[PDB]
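Enquirer: Heads up: the sequence lines are chains A, B, C, D, E, F, G, H, I and J, in that order.
Just so you know, the UniProt record's numbering puts 495 at position 111 of the first sequence, and the rest follows in order with no gaps.
Just so you know, the UniProt record's numbering puts 115 at position 33 of the second sequence, and the rest follows in order with no gaps.
Just so you know, the UniProt record's numbering puts 160 at position 36 of the third sequence, and the rest follows in order with no gaps.
Just so you know, the UniProt record's numbering puts 127 at position 58 of the fourth sequence, and the rest follows in order with no gaps.
Numbering (the UniProt record's numbering) for the fifth sequence: 2 to 49, 75 to 200.
Just so you know, the UniProt record's numbering puts 54 at position 3 of the sixth sequence, and the rest follows in order with no gaps.
Just so you know, the UniProt record's numbering puts 173 at position 130 of the seventh sequence, and the rest follows in order with no gaps.
Just so you know, the UniProt record's numbering puts 31 at position 31 of the eighth sequence, and the rest follows in order with no gaps.
Just so you know, the UniProt record's numbering puts 17 at position 17 of the ninth sequence, and the rest follows in order with no gaps.
Just so you know, the UniProt record's numbering puts 39 at position 38 of the tenth sequence, and the rest follows in order with no gaps.
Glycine included, each C-beta is placed from N, C-alpha and C at the ideal position.
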Amino acid sequence: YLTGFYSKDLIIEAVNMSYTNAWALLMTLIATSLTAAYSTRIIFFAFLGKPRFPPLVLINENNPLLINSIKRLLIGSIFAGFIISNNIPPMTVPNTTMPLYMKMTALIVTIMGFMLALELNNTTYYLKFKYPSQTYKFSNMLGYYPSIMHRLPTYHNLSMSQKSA
Amino acid sequence: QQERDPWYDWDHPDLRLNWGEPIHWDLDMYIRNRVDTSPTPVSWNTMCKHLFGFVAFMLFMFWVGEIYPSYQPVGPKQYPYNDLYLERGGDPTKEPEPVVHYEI
Amino acid sequence: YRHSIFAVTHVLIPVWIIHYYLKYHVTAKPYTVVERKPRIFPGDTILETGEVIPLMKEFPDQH
Amino acid sequence: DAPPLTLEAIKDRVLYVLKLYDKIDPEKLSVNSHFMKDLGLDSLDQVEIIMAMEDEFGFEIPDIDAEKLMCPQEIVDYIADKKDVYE
Amino acid sequence: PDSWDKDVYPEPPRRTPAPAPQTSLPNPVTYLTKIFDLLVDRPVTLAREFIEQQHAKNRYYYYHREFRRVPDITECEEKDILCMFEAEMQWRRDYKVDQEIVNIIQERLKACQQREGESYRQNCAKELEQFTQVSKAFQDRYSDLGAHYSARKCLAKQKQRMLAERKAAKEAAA
Amino acid sequence: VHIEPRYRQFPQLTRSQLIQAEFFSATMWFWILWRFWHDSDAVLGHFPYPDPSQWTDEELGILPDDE
Amino acid sequence: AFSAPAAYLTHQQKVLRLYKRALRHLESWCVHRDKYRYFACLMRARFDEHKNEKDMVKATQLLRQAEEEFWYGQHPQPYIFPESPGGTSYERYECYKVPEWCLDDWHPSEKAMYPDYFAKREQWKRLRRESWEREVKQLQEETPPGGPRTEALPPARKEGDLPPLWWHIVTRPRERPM
Amino acid sequence: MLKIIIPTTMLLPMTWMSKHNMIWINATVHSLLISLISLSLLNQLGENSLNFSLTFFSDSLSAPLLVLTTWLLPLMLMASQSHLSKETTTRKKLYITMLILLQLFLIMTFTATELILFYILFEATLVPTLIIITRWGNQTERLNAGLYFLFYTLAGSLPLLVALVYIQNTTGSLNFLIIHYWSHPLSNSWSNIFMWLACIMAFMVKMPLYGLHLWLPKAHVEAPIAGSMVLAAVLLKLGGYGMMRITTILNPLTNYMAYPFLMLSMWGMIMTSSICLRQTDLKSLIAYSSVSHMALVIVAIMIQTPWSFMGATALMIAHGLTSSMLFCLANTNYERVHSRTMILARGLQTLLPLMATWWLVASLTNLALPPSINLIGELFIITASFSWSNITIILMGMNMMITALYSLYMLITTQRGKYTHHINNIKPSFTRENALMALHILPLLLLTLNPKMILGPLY
Amino acid sequence: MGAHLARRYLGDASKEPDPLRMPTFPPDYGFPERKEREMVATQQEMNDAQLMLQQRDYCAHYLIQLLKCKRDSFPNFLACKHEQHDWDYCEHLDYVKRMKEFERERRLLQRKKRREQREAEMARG
Amino acid sequence: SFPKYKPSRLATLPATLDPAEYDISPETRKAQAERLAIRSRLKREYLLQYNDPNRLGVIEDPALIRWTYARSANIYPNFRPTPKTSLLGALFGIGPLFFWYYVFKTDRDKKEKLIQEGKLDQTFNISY
Ligand SMILES: CCCCCCCCCCCCCCCCCC(=O)OC[C@H](COP(=O)([O-])OCC(O)COP(=O)([O-])OC[C@@H](COC(=O)CCCCCCCCCCCCCCCCC)OC(=O)CCCCCCCCCCCCCCCCC)OC(=O)CCCCCCCCCCCCCCCCC
Ligand SMILES: *P(=O)(O)OCC(C)(C)[C@H](O)C(=O)NCCC(=O)NCCSC(=O)CCCCCCCCCCCCC
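1) Tell me whether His20 of chain H is buried or exposed, calling it buried when 16 or more other Cβ atoms sit within 10 Å of its Cβ.
2) Answer yes or no: do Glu114 of chain E and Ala182 of chain E have a C-beta to C-beta separation smaller than 7 Å?
3) On a CA-only basis, which of G:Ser152, G:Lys154, G:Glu194, G:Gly203 is nearest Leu170 of chain G? Give me that one, please.
4) Please classify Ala312 of chain H as buried or exposed, where buried requires at least 16 other C-beta atoms within 10 Å of its C-beta.
5) Following a CB-centred definition, is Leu106 of chain G positioned closer than 6 Å to any heavy atom of ligand 2?
6) Under 7 Å between C-beta atoms, does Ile164 of chain C make it to chain I?
7) May I have all residues whose beta carbon comes closer than 7 Å to any heavy atom of ligand 2, sorted in chain order?
8) Comparing C-alpha positions only, which one of E:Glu191, E:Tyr175, E:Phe76, E:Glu12 sits nearest to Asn48 of chain H?
9) Please decide whether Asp94 of chain I counts as near chain C, where near means a Cβ-Cβ distance under 7 Å.
10) Taking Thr171 of chain H and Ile179 of chain H to be in contact with their CB atoms under 8 Å, please state how far apart those CB atoms are, rounded to whole angstroms.
11) Return yes when the Cβ of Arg57 of chain F is within less than 7 Å of the Cβ of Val441 of chain A, no when it is not.
12) Indicate the three-state DSSP secondary structure (helix, strand or coil) for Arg10 of chain J in the structure shown.
13) What residues of chain E sit near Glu169 of chain B, judged by a beta carbon separation below 9 Å?
14) Can you tell me whether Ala112 of chain H is helix, strand or coil according to DSSP?
15) Tell me whether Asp124 of chain E sits in a helix, a strand or coil according to DSSP, three-state version.
16) Measure the beta-carbon distance from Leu66 of chain I to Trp87 of chain I and round it to whole angstroms, keeping in mind my assumption that it falls under 8 Å.
17) My parser needs the alpha helix (DSSP H) runs of 4 or more residues fully inside the stretch 53-90 of chain G; what are they?
18) Give the DSSP-derived three-state secondary structure of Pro138 of chain C in the structure shown.
19) For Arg57 of chain F, write down the residues that DSSP places opposite it in a beta bridge.
20) Kindly list the residues whose CB is nearer than 8 Å to the CB of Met46 of chain I, restricted to its own chain and excluding five residues on each side of it in sequence; keep chain order.
21) What does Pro26 of chain I reach in chain E if we use C-beta pairs closer than 8 Å?
22) According to a CB-to-CB cut-off of less than 7 Å, which residues of the stretch 173-193 of chain E neighbour chain K?
23) Would you decide whether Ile105 of chain B is buried or exposed? Buried here means 16 or more other CB atoms lie within 10 Å of its CB.
24) What do you reckon, are the CB atoms on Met302 of chain H and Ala232 of chain H nearer than 7 Å?
25) For the stretch 87-127 of chain B, list the beta strand (DSSP E) runs that are entirely contained and at least 3 residues long, ordered along the chain.
26) Assign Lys88 of chain D to buried or exposed, taking buried as 16 or more other Cβ atoms, counted over all protein chains shown, within 10 Å of its Cβ.
27) Counting contacts by CB-CB distance shorter than 7 Å, is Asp110 of chain J in contact with chain H?
28) Mind checking who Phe56 of chain H pairs with in its DSSP beta bridge?
29) So which residues of chain B does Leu409 of chain A contact, with C-beta pairs closer than 7 Å?
30) Could you tell me whether any non-hydrogen atom of ligand 1 is closer than 6 Å to the CB of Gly135 of chain B?
31) Helix, strand or coil: which one does DSSP assign to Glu194 of chain G?
32) If you scan the stretch 308-356 of chain H from start to end, which runs of the alpha helix (DSSP H) of 4 or more residues do you find wholly inside it?
33) Measure the C-alpha to C-alpha separation of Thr341 of chain H and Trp68 of chain J and round it to an integer number of angstroms.
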């Protein structure tokens, strides 16, 4: 019932209930799960556990400007979705009738991402070390897209710019 | 220059060049703002294979999902006045082929 | 006092200028400002002519 | 933003780290004690000391400069010179 | 408003529904509109009253220039430079007038689309047909003359079109 | 307010920020529970999904195979 | 950065640099402090195991194999200090560094806005001008006839002299200039 | 037109009779006054041109070019007084005389009503330019640059003279009004092909066309600052004006003869932008950017539609202003460090803030940034080329991407980064240089405000 | 999503319906007397209400009523629950009508398959 | 053992993985010493000029001058007509022109054929 519920849930319901591309639908569901996963990663590695910052503790978030700005953007993150959804006129026909499992699909995949990411992050405390996987290397290095596509085409264009023209 | 040592006291710290030393013919393209040649944790051939395989598999699966779409067990949606003939810009003078929807 | 001086200038003067510009200059040539026609629903009263738009027929009500 | 550093603060923090090192006896540790000549450590111990100081102060000392910091006073002077601390 | 011609720039009669509230809650839109009228509309109205009073004391007029028709390039003899000049100038003026006519029709089309809003595809069919006809005629007149267009070139194009039409009619009658 | 820096110690917190954080967390949870209590059809649905297997051939207009 | 490099790295220097790099990458892999302590102790155990080796060829072979292992097992995204060359806060304050030669092009009114600072600046300029000849003489006296064999510089051998080539090192912009 | 022509011929004796220290002041003041007077030519008619007399006429195409020339003269005076401080009084007066003669010839060229008088004047413009380049250039290569410029222009233009006298013999007149009214179609023959070739090739060499453009980097890099300003802003626009004037009698042969020139223009636009990407000299980068923009103008004139001509005119005016400003900025940098290398001077944003602002605005105008008249002209040309064919959009998009790339590359290289440590003679920017930049940039923005003044007769 | 996709793709697409071609049988095939659907809202009423062309279905009257209720009770944006429920229920009934059409098409197709198989068996025998 | 790393032109070989880094001849050490001596000589010259208090201007860099000269003015005098240069110039300078000419010619011929046959959608095409 938060601000993201009034848009993401309807989007997922529309994707599941339409004449869509099957691969696109599957990738959308997996992306929702991975959204839950990386939100868990941020929370787990930034807020939970023991300090890992330098000993000189300069932490101070008591500034009224920061507090009030985050407050104002925090009231919107709770209530603005309800107000906006209930005040705009109906511009699309709702998906009133659908199976219960399809109705709960967004929540189920979100919770599965939460749980799997939480377990994987919890395994980090073990005194166990292993070299990374090829899938991990692909994901961490951004699919190798910036490397190849920022070194090869740029090199060829800059080389033809001088050698040929 | 990205491969060049950052902890050395170069005469030109940003370009990582010294005064008087020979300048590479392609310095204009090998500056830190441009093409980089520094070693990567993964081999270049492996990176090319992984990226190409990923994009090709995604395109193939998008085509597969296009030829095998996902839908719902419902009939076509029905609209009252000859599938809204006049409201979609139909010619008032010409007579449309009637579209009749029944109860079920 | 600072907020009052800010409000009169920064808000009051521009709204005066823009309202004067729109009413007497922009809305002096045709089609410069076009408003989408208001929605008319059954069982309504058009105020231009005192007209009464009638209600819809009896619904086949369920439950 | 952050409070400025001082020579006394830098010296106190480096001596704090060194006294929390187990291989160094806190009682015989002075600011002029040499890491290998009179403290009996070796190259790997000195590397770990430099890494501990890097973690303490939040900045990296390059290997070319770190090999020559064989004394707490040398480390203090290096850090003060790099951070532009004169008092 | 009498500033422009209602026939040249038609507006459908405006039907505004009367308010039919169903709640005891006050209307913030109504309150803010009252505030706006009190704070902005009255001062701008007084300022415009003063300005118009100043304008009424110094009333003066400007006129619309009238051009009489002159013989066209069809009537002009070959290499009769003066007649060719007059005909070319008249053709250019007519070209400008036709461009402005097309502009008027396009303004009609845009205004009707915006006005009808969500029912534009059906309610703007009359303005789409007028635009189609006007644009068809304008294109047939001045479609592909070029950067160095002239009345002679437009006449040659019209002659070519007339020859094509005559040939088509003869072939149909054959 | 001036917060003195700490060395190797937990930072100095403020009652105001503590109570504000607690209030906003409680507000979020109250909003979630209050919305779920009133309109739970946004989560669990509002209308049942029919089973097509139970629709009779007579009402679906299906004639006997022999006929 | 402050030290003049040598012609080459010794075997001890290479192994120490590998030790530091391996420890840092292990810390990047082992996020938590206790896990990092455990695995760093194991890494130092490996280094101690290979510490005493009389065969230099075998020692170099061990170093090479360890380098290959490090390259295979390196963290693709190792931790970098913000001010370090790979860091996020690297070179952010370079646009804020302005030199004193630019400082002396000010208008007389601007200089009058700071009367006490420019008096000390003139004292520094006089100190610079009164020592350049002694510095160049010292540099040319102590250099070998072949030329400078290294980038090192000598200190001041005299009671009243200054270390040669000192001006820009001493008057370099502050690390947080503005 | 005499009310503008005579004041220049009076600028001459005023320059030669003024005192030694007052030449710059008098020349600048009276050049600005003449520019203000020439601002009255912008009041044009919608039907025909302004036919003052049998010899001179003005049009919606000639008026912005004349105003640009008259406005460009005082800026050239400012730059010249910047770089000619130690010259003798006689040589200062000779340089001012060369500039005045060039402006007079350009005015008479843009207002000439006959093609042969236009030819005479637009060829007379070569002598002052050649003298300026080969006399007040700084480096050795000025002589070779002048030779290349002169011989390219003359080898292009002599067949144009032969074609013009032949056309006069055949038709009876070279008067532009007569040849426009009495124009007849050009049949597909070898003789007509070669007449078309003579005229178009003369003006293409003047443009320049890709493959006929080496003289442009040669002359622009090696000319003094005033010469560089006049070469890019106005002297490159003589080719476009001539092509927009002669193509009246070259139809319908322009439909079939324009293919090689269109292909050369598009591909060489791409190639010169790519060359700009890898230039170690700032002046050369500016010159090649000029080549690319004039190639786009050539594409517009060759496709020859009412939407293309308006874009051509707007792009010519915008390019003149922008290229003049870029040359002035690069010349200030050169006067600082006495070298044209781009990577020599860095950190110039932290060393000179307002000049960094001027560089930013000039670079943003160099690339098509809306709603600037640069973008107006480029977008009109791109739309006309799209109507011509639907792969020209691919070529134009590639060119726009490379244009943004090299413009921002120049900006980041010259202004951003850290300053060179050993360059310690970069004095604060002068009021004269700042005023030069402001006078370059403000009229461009005002033209953006009022765009129908530079869209040509086809508007 | 659903078992129908599995049946059609990993099975007999001939017996499963075609969504892009449905219906392939006459509306009276199997229905002796079938009633045409009733439309409450008129074309002029929908045009005045400016319903989106997607929203001008057989449930348009409930949408018009909901819009009128929302406009009148504007500050109280929580006072149109009954109208919203009426519109949603009408849409639900339309959706179950579509589902009934799909099921009817499916079983008509499989009945046709059984009939053709029986005819083929009779011809063979 | 561990998978090998294959260097490329855009992903070079690291120093720690270079085989020659672990096979150091006594002549390699003297070569490194000579290189360091050259660097030290250049650095000393630059630092003397840079710390000179009476210097006002730019320390001219002959290396930069040589780079800019070899990039621009030294190319044609050292250019020779060879089969490689001739073929590369012909291709890179002529082939694109003919390619684009063919593309645009084919497109425009098809468009004009459609115009003559009268089956090209040109309604509302008023601006050209
Ligand atoms: C050409 C292929 C094209 C493919 C296109 C399609 C791609 C689809 C991708 C799908 C998502 C993949 C997610 C994992 C990849 C990234 C792993 C990684 O690096 O993590 C490190 C990273 C931690 O970073 P770190 O702190 O640096 O830790 C360092 C590592 O520990 C260092 O340790 P490490 O390096 O060993 O860690 C990696 C290791 C450990 O990670 C895992 O095991 C992750 C497992 C995730 C869950 C998978 C199973 C889900 C089962 C769901 C069952 C219920 C379904 C629903 C129905 C229920 C009712 C019936 O993972 C693996 O070994 C493989 C994981 C799976 C890979 C999938 C892609 C295959 C590529 C080709 C085959 C390669 C095979 C060989 C591998 C390479 C060579 C050795 O992990 C996380 O942060 C969490 C990851 C996310 C967990 C939740 C994921 C939920 C969504 C996916 C599952 C589906 C849910 C339902 C969706 C809706 C359905 C309708
Ligand atoms: P101090 O001056 O006492 O130093 C003593 C030294 C080491 C200099 C010795 O005197 C010495 O030279 N001994 C002989 C040479 C020698 O020790 N060679 C061996 C060096 S490498 C070694 O054997 C240890 C390597 C094992 C660990 C490799 C790390 C790779 C894993 C990293 C993966 C990255 C993420 C974990």
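Expert: In short, the structure shows the following:
1) What you label residue 20 of chain H is simply residue 20 of the eighth sequence in a count that begins at 1. The residue is exposed, with fewer than 16 neighbouring Cβ atoms inside 10 Å.
2) What you label residue 114 of chain E is simply residue 88 of the fifth sequence in a count that begins at 1. What you label residue 182 of chain E is simply residue 156 of the fifth sequence in a count that begins at 1. Result no, Cβ atoms of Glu114 of chain E and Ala182 of chain E do not sit closer than 7 Å.
3) As a working mapping, residue 170 of chain G is identified with position 127 in the seventh sequence. That would be G:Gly203, whose Cα lies nearest to the Cα of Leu170 of chain G.
4) By 1-based counting over the eighth sequence, the position of residue 312 of chain H is 312. Classification of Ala312 of chain H: buried, given that the 10 Å Cβ count is 16 or more.
5) The sequence position of residue 106 of chain G within the seventh sequence is 63, counting from 1. It does: the Cβ of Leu106 of chain G is within 6 Å (strictly closer) of some heavy atom of ligand 2.
6) Taking the third sequence and counting its residues from 1, one reaches residue 164 of chain C at position 40. With 7 Å as the cut-off, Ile164 of chain C counts as an interface residue toward chain I.
7) D:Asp111, D:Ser112, D:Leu113, G:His54, G:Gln55, G:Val58, G:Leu59, G:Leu61, G:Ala65, G:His68, G:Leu69, G:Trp72, G:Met86, G:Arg89, G:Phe90, G:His93, G:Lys94, G:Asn95, G:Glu96, G:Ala102, G:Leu105, G:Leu106, G:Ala109, G:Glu112, G:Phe113, G:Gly116, G:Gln117, G:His118
8) By one-based count along the eighth sequence, residue 48 of chain H stands at place 48. Nearest option by C-alpha distance: E:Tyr175.
9) The residue you call residue 94 of chain I lines up with position 94 of the ninth sequence. No, no contact with chain C.
10) Within the eighth sequence, the letter at position 171 stands for residue 171 of chain H. Within the eighth sequence, the letter at position 179 stands for residue 179 of chain H. At roughly 7 Å, the Cβ-Cβ gap stays under 8 Å, so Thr171 of chain H and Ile179 of chain H are in contact.
11) Indexing the first sequence from 1 puts residue 441 of chain A at position 57. Indexing the sixth sequence from 1 puts residue 57 of chain F at position 6. Yes, the Cβ-Cβ distance between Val441 of chain A and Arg57 of chain F is below 7 Å.
12) As a working note, residue 10 of chain J is residue 9 in the tenth sequence. It is coil, neither helix nor strand.
13) Taking the second sequence and counting its residues from 1, one reaches residue 169 of chain B at position 87. Result: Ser145, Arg147, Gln148.
14) Numbered from its first residue, the eighth sequence carries residue 112 of chain H at position 112. Residue state, collapsed to three classes: strand.
15) Here the question's residue 124 of chain E lines up with position 98 in the fifth sequence. Helix at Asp124 of chain E.
16) For this step, residue 66 of chain I is matched to residue 66 along the ninth sequence. For this step, residue 87 of chain I is matched to residue 87 along the ninth sequence. Indeed they touch by this definition, with Cβ atoms about 5 Å apart.
17) 54-72
18) Taking the third sequence and counting its residues from 1, one reaches residue 138 of chain C at position 14. Helix.
19) Sequence index remark: in the sixth sequence, residue 57 of chain F carries index 6 (1-based). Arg57 of chain F pairs with A:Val441.
20) Residue 46 of chain I sits at position 46 when you count from the first residue of the ninth sequence. Closer than 8 Å at the Cβ level, and outside the excluded window around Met46 of chain I, lie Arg56, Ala60, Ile64.
21) On the ninth sequence, position 26 is the one that residue 26 of chain I refers to. Ordered by position in chain E, no residue passes the 8 Å Cβ test against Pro26 of chain I, which lies about 31 Å from the chain.
22) Judged by its chain identifiers, the structure shown contains no chain K, and its protein chains are A, B, C, D, E, F, G, H, I and J.
23) Within the second sequence, numbered from 1, the residue matching residue 105 of chain B stands at position 23. By the neighbour-count rule (16 or more Cβ atoms within 10 Å), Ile105 of chain B is buried.
24) Along the eighth sequence, one-based indexing puts residue 302 of chain H at 302. Along the eighth sequence, one-based indexing puts residue 232 of chain H at 232. No, the Cβ-Cβ distance between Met302 of chain H and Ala232 of chain H is not below 7 Å.
25) Runs found: none.
26) Your numbering for residue 88 of chain D matches position 19 in the fourth sequence. It is exposed - the Cβ of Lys88 of chain D has fewer than 16 other Cβ atoms within 10 Å.
27) Numbered from its first residue, the tenth sequence carries residue 110 of chain J at position 109. No, because no Cβ of chain H sits closer than 7 Å to the Cβ of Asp110 of chain J.
28) Working through the eighth sequence from its first residue, we reach residue 56 of chain H at position 56. DSSP, once it has assigned bridges, lists H:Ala112 as partnering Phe56 of chain H.
29) As a working mapping, residue 409 of chain A is identified with position 25 in the first sequence. Correct list: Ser152.
30) Locating residue 135 of chain B in the second sequence gives position 53, where the first residue counts as 1. Answer for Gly135 of chain B: yes, Cβ within range of ligand 1.
31) Taking the seventh sequence and counting its residues from 1, one reaches residue 194 of chain G at position 151. Here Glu194 of chain G sits in coil by DSSP.
32) 348-351
33) Counted from its first residue, the eighth sequence places residue 341 of chain H at position 341. Counted from its first residue, the tenth sequence places residue 68 of chain J at position 67. Rounded to the nearest angstrom, the two C-alpha atoms are 10 Å apart.
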